[PDB]
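Q: experimental structure and sequence below.
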Amino acid sequence: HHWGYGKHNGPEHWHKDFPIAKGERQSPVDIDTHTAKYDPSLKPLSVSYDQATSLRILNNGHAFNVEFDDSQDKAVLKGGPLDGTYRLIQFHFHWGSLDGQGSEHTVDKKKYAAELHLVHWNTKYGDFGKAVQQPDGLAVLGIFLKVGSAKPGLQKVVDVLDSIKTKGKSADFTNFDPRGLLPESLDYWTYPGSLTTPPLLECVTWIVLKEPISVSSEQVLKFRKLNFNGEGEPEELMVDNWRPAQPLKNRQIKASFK
Ligand SMILES: COc1cc2c(cc1OS(N)(=O)=O)CC[C@@H]1[C@@H]2CC[C@]2(C)[C@@H](CC#N)CC[C@@H]12
Ligand SMILES: [Zn+2]
């Protein structure tokens with residue numbers, strides 16, 4: 001009976017195994033655009049994915065991860081609210097069963113069809129495992145997805161999902177360029193938070209872009225064909241793998257734009 005997104009193991013149950021679920025800096029949160037304040041101390045955000053090296057794609061039973069080789073400083077995120085260099089290690093999405101839900105963060109309570117999470121770890125901590133044990137160990141770039149025009153750069157991902165339909169399945173996924181998943185603008189909101197799934201560690205500096213990318217209905221439909229279950233088990237469609245907004249508590253969401 002391990003955690004999941006169902007009625008008996010979903011988000012409202014996570015606190016029993018992971019008490020931090022009711023912590024002081026949990027994610028995701030609702031972003032109140034009118035309360036978020038422009039922060040002049042924020043430095044220009046730097047997203048350098050030109051030398052990114054993807055290696056494989058995995059269905060871990062909660063979502064699917066496109067993993068990158070982070071043994072060297074290649075695809076990095078810096079600037080903005082960040083101090084130091086954060087290395088890209090993987091990206092994944094959270095989506096819904098319907099176009100009107102799926103995102104973890106919400107903007108003025110509005111839910112998007114999905115949300116992309118590009119995960120990076122602070123290099124001063126040596127490795128990803130050590131980084132997650134630090135308040136400023138990770139930096140996750142969140143990008144909303146809305147249904148409309150197809151996103152050309154996402155099709156490569158969409159077409160390989162049939163090969164990793166069930167939990168535990170992985171497939172080679174080299175030479176995928178994450179720059180093809182970024183919107184035009186880098187305007188963003190930032191706040192201190194946590195991982196959005198167990199163990200819910202409060203080690204993340206969240207940077208959520210204001211501009212969403214558009215993906216086609218067909219593209220998101222394929223996301224919904226994935227399975228939460230492993231091969232040979234009753235089919236449980238991988239949909240609604242998002243955690244709802246959590247209490248903001250003693251935090252302020254800062255905006256990079258005036
Ligand atoms: C930032 O990316 C994630 C990392 C992890 C999880 C979920 C994540 O998605 S999210 N929405 O971006 O928070 C869930 C499982 C976690 C893992 C991070 C590394 C952890 C803490 C392992 C420890 C190491 N290394 C144990 C469980 C792992
Ligand atoms: Zn995530």
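A: That came through fine. Numbers count the residues shown, from 1 in each chain. Ligands and ions are numbered 1, 2, ... in the order given.

Q: every contact and neighbour count from this point should use C-alpha atoms.
A: Will do.

Q: so which bits of the helix ranked longest in the chain are buried?
A: Assignment by DSSP state H gives helix 217-223 as the longest helix of the chain. The neighbour-count check on helix 217-223 (16 or more other CA atoms under 10 Å) flags 219, 220, 221, 223 as buried.

Q: residue contacts, residue 17?
A: For residue 17, no residue meets the contact criterion (CA atoms under 8 Å, 6 or more residues apart in numbering).

Q: distance check, it against ligand 1.
A: Distance from residue 17 to ligand 1, counting by CA to the nearest ligand atom, to the nearest Å: 13 Å.

Q: do residue 43 as well
A: 23 Å.

Q: cool, and residue 163?
A: 22 Å.

Q: who in the protein is up against ligand 1?
A: Contact residues, the chain versus ligand 1 (CA under 6 Å from any ligand atom): 117, 119, 128, 129, 132, 195, 196, 197, 198, 199.

Q: buried among those residues? Need that as a selection in ChimeraX.
A: A single ChimeraX command selects the buried members of the residues of the chain next to ligand 1 (16+ other CA under 10 Å):
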select :117,119,128,132,195,196,197,198,199
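
Q: narrow the residues of the chain next to ligand 1 to those in strands?
A: Of these, the ones assigned to strands by DSSP state E are 117, 119.

Q: residue ranges of the strands in the stretch 1-150 of the chain, please?
A: For the stretch 1-150 of the chain, applying DSSP state E, counting those that start in this stretch gives strands covering 30-31, 37-38, 43-48, 54-59, 64-68, 76-80, 86-95, 106-107, 114-122, 138-147.

Q: just give me how far the helix or strand following the longest helix of the chain sits from the chain centre.
A: Following helix 217-223 in sequence order, the next helix or strand is strand 254-255 (DSSP states H and E). Its chain's average C-alpha position is 19 Å from that of strand 254-255, according to CA atoms, centre = their mean, to the nearest Å.
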